Each structure stands twice: as structure tokens, then as C-alpha cells.
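Undergrad: This is the structure I want to talk about, given as C-alpha cells.
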There are 2 protein chains.
Amino acid sequence: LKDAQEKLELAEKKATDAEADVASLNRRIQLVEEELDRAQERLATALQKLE
Amino acid sequence: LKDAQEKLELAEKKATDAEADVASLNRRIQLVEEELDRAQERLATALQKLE
């Protein structure tokens, strides 16, 4: 049980770290997605101006 | 020991799944950043042609 508890602590710390990484990376994903959406809207407007 | 090992198993599974999610989100970040860069380049070229 002692070794199992120590491994539990290590695993939960690592999982929490990876969950924070998930939160940060998903925030980056959404922000870059919004920037890409703005870029493609600008591209559509540019093609309209070309026409 | 049964409870301790069950907790170990659940924590390890959660940490492994979180690591996989982190890797997937990071590769998603790089993919979306590449797409964003291409969109920005297209925007610049289109604006120049428009002018």
C-alpha cells in the first residue's frame, strides 16, 4: 500500500499537469482558430473586391 | 492493497489519456498555426492585387 500510494500521488500530479496542458493548448487552439476565421473572412472580402 | 492498486490503475489510465490528449492538442496547434500563416499570406497577396 505505501508504494501504491506514492505511485498514486505521482500519477495524480502528472495527470493534473497534463490537464493544465490540455486547458492551455485548447485555449491556444480556439484563439488561433478565431484568428484563422478572421483571416478567411478577409480573404472572402478580398475576392469580392477582385470581382 | 486492493483499493490502493485500483486507485493506482485509475490514476495511471487518466494520466496516460491526458498525455495523449496533450499530444493531440499540440499537433492541432501546429496544424492550425500553419493554416493561419497560409491564410495571412493569401490575404496579403489579395490586398496587393486589389490595390
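Labeling convention for the C-alpha cells: chains A, B, ... as they appear, residues from 1 per chain, ligands from 1 in order of appearance.
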I need the contact residues of chain B against chain A, so if you could list those with any atom within 8 Å, counting only C-alpha atoms, and return them as a count of residues only, that would help.

TA: 30
